[PDB]
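Trainee: What follows is a single structure, and I will ask about it in a moment.
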Amino acid sequence: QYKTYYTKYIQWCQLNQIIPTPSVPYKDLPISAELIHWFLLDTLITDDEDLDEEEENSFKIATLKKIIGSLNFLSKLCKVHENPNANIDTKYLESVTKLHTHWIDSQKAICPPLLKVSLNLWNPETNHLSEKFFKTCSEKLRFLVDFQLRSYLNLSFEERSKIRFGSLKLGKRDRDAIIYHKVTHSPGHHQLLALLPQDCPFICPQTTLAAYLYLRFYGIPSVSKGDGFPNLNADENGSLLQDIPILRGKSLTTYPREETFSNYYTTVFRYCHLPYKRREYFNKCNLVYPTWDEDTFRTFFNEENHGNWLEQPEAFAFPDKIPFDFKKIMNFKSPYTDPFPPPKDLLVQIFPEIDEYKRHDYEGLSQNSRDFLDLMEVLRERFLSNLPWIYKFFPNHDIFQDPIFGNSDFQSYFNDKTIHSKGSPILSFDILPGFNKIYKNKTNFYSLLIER
């Protein structure tokens, strides 16, 4: 029973050269939460079908639990032999089980609030929402970013509100991920979280964030001046970027106040007819990205420490030092596994400071400024690739106030990306796993809009 599972662990240690290949190496076998998880991610999880799928998923979580219980048992047997390195952080493995249980159970259950709120908050014509809190698209998108940061990152309001421009960097192994690397002090603590793009533009945190930044920096052209793009020449090792909040409230310097966000949430969930409990949007979450001790974190992830290993943890199972299953599932994607890119001609007309800094003493900027510019470059690409869809639904959004978007080049891109689908009853982009059947249908998707 125990043996048939824990044997697979030993074979995987042998095959990956974590141990030499000759029985159970009782004394010498390393067992830890991170190796067990890596074993799971290489073998069970990443199993690259209607009623077959439902059964296979149930079976996967049953097997996950049995593998975990088996390796807990193996660890006690190694400890009988005085193995010094068979300690299991069982909380970490309980979060893995809870992560998969939540994913399978919610697929089993199959509108999610993520989609309903996002589509409604992108809508520029929302007469019955609140002219008191949500007069502008900037205010709507500002709210939506906090909402998508909670939905994807499972952070409390207080944690969200500490996100700064300098907190966010592109992944090195996944250049489509934005990584927030949180370091806390009690033996030091590292928690890494990822925002991935979404095929559906309205729930894409990258698209949404970029639209919000677009309005924040440039305002509405005949209407209101923006804050400007940050003065990156003033940045010295993050001095400037670590003080600019990801959302700007009443002053340049502060995230919107919690009491104001409390009202925004109430107002949006009322408008969307969605049940609302403040604690589920404001308080700490039960399921969160894992946090590593400084020692485990530096030692596990340094490939020169482990030159014998065939595959290193960051190659597949923990890209950018985030386990692949958390990264996918917290971004609402399965961990069981651009037709018309935007022309550089158009890219260079929005966020034009990105290119200007690249032209000048680019070399003279701090590394934090260049990491921010590379991030803005990915948000700009995301935003522009999706603008043809946003324009199809919401041509009167504040984004489109710049006379630019009325020009021949922009209109031509907006048309050329979306024309191939104008007569199709089905949306060209995907929605969310388990929801594609229902909501790729245009009529169904449009009906999620409260107004129009």
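Just so we're on the same page: first chain in the structure tokens is A, next is B, and so on; residues restart at 1 for each chain, and ligands are numbered from 1 in the order they show up.
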Within 9 Å of residue 334 in chain A, counting only C-alpha atoms, which residues qualify if same-chain residues fewer than 4 places away don't, as a ChimeraX atom specification?

Mentor: /A:103,325,328-329,433

Trainee: Write the residues of the selection above to a file with N, CA, C and O atoms, as a short mmCIF file (atom, residue, chain, number, x, y, z; two decimals), in the first residue's frame.

Mentor:
```cif
data_model
loop_
_atom_site.label_atom_id
_atom_site.label_comp_id
_atom_site.auth_asym_id
_atom_site.auth_seq_id
_atom_site.Cartn_x
_atom_site.Cartn_y
_atom_site.Cartn_z
N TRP A 103 -9.13 23.46 -6.92
CA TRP A 103 -9.27 23.43 -8.37
C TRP A 103 -10.23 22.36 -8.92
O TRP A 103 -11.18 22.68 -9.73
N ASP A 325 2.04 24.32 -10.30
CA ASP A 325 0.65 24.19 -10.03
C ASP A 325 0.03 25.42 -9.37
O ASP A 325 -1.13 25.79 -9.71
N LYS A 328 -0.36 28.16 -12.08
CA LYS A 328 -1.50 27.99 -12.96
C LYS A 328 -2.82 28.12 -12.26
O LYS A 328 -3.68 28.84 -12.70
N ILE A 329 -3.02 27.38 -11.19
CA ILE A 329 -4.31 27.36 -10.55
C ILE A 329 -4.64 28.73 -9.95
O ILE A 329 -5.80 29.15 -10.06
N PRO A 433 -11.34 28.06 -17.84
CA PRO A 433 -11.55 26.60 -17.94
C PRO A 433 -12.85 26.19 -17.29
O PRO A 433 -13.15 26.61 -16.21
#
```

Trainee: Skip residue 28 in chain A itself and residues of its chain fewer than 2 positions away, then list as a PyMOL selection string all residues within 10 Å of it, counting only C-alpha atoms.

Mentor: chain A and resi 19-20+24-26+30-31+78+81-86

Trainee: Let's have the selection written as a compact mmCIF listing (two decimals), in the first residue's frame, with C-alpha atoms.

Mentor:
```txt
# COMPACT_ATOMS: atom_id res chain seq x y z
CA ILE A 19 20.65 9.76 -5.19
CA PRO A 20 22.96 7.20 -6.94
CA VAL A 24 15.22 1.63 0.07
CA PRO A 25 18.26 3.83 0.83
CA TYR A 26 16.95 4.40 4.38
CA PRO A 30 16.52 13.00 1.07
CA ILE A 31 12.86 13.71 1.86
CA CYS A 78 13.98 6.68 7.38
CA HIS A 81 17.33 4.45 10.53
CA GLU A 82 18.52 7.87 11.77
CA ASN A 83 18.30 9.55 8.38
CA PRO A 84 19.20 13.23 9.14
CA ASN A 85 17.34 14.74 6.15
CA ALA A 86 13.81 13.29 6.04
```

Trainee: Using backbone DSSP assignments, extract all alpha helix (DSSP H) residues from range 117-340 of chain A; output them as number ranges by chain.

Mentor: A: 117-122, 137-153, 157-160, 205-218, 258-271, 279-282, 294-300, 324-330

Trainee: Got a sec: who's within 12 Å of residue 185 in chain A, counting only C-alpha atoms, leaving out chain neighbours fewer than 6 positions off, as a ChimeraX atom specification?

Mentor: /A:191,291-294

Trainee: With a distance cut-off of 10 Å and only C-alpha atoms, select the neighbouring residues of residue 173 in chain A, excluding the residue or stretch itself and same-chain residues fewer than 6 positions from it, and output the selection as a PDB file with N, CA and C atoms, in the first residue's frame.

Mentor:
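Contents of the output file around13.pdb:
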```pdb
ATOM      1  N   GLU A 314      13.929  24.689 -11.144  1.00  0.00           N
ATOM      2  CA  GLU A 314      13.431  25.840 -11.919  1.00  0.00           C
ATOM      3  C   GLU A 314      13.206  25.487 -13.423  1.00  0.00           C
ATOM      4  N   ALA A 315      13.737  24.356 -13.904  1.00  0.00           N
ATOM      5  CA  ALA A 315      13.528  24.068 -15.333  1.00  0.00           C
ATOM      6  C   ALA A 315      12.082  23.763 -15.711  1.00  0.00           C
ATOM      7  N   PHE A 316      11.324  23.142 -14.827  1.00  0.00           N
ATOM      8  CA  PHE A 316       9.990  22.709 -15.233  1.00  0.00           C
ATOM      9  C   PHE A 316       8.999  22.936 -14.098  1.00  0.00           C
ATOM     10  N   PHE A 318       9.347  24.396 -10.946  1.00  0.00           N
ATOM     11  CA  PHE A 318       9.232  25.667 -10.202  1.00  0.00           C
ATOM     12  C   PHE A 318       9.784  26.851 -11.045  1.00  0.00           C
ATOM     13  N   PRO A 319       9.162  27.150 -12.187  1.00  0.00           N
ATOM     14  CA  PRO A 319       9.719  28.150 -13.082  1.00  0.00           C
ATOM     15  C   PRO A 319       9.667  29.487 -12.288  1.00  0.00           C
ATOM     16  N   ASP A 320      10.817  30.183 -12.229  1.00  0.00           N
ATOM     17  CA  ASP A 320      10.945  31.472 -11.520  1.00  0.00           C
ATOM     18  C   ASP A 320      10.731  31.304 -10.074  1.00  0.00           C
ATOM     19  N   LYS A 321      10.935  30.054  -9.591  1.00  0.00           N
ATOM     20  CA  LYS A 321      10.910  29.723  -8.202  1.00  0.00           C
ATOM     21  C   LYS A 321       9.466  29.743  -7.614  1.00  0.00           C
TER      22      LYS A 321
END
```

Trainee: Write down as a count of residues only the residues of range 38-262 of chain A whose backbone DSSP state falls under strand (DSSP E).

Mentor: 17

Trainee: Give me the residues near residue 339 in chain A as a count of residues only, where near means some atom within 12 Å (using only C-alpha atoms) and where sequence neighbours in that chain fewer than 3 positions away do not count.

Mentor: 10

Trainee: Report as a list in words all protein, DNA and RNA residues lying within 10 Å of residue 116 in chain A, evaluated on only C-alpha atoms, omitting residues in the same chain fewer than 6 positions from it.

Mentor: residues 202, 203, 269, 272, 273, 274, 445, 447, 448, 449 and 450 of chain A

Trainee: Mind pulling up the distance from CA of residue 181 in chain A to CA of residue 161 in chain A?

Mentor: 14.8 Å

Trainee: With only C-alpha atoms as the counted atoms, please give the residues lying no more than 10 Å from residue 432 in chain A, apart from itself and same-chain residues fewer than 2 positions off, as a list in words.

Mentor: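 Here the answer would be residues 112, 114, 115, 198, 199, 200, 203, 332, 333, 334, 429, 430, 434, 435, 436, 437, 439 and 440 of chain A.
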
Trainee: Could you check which of A:236, A:55, A:361, A:377 is closest to residue 207 in chain A, using only C-alpha atoms?

Mentor: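 For residue 207 in chain A, the nearest of the given residues is A:377.
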
Trainee: Kindly give the distance, in Å, that separates CA of residue 152 in chain A and CA of residue 226 in chain A, rounded to a single decimal.

Mentor: 27.8 Å
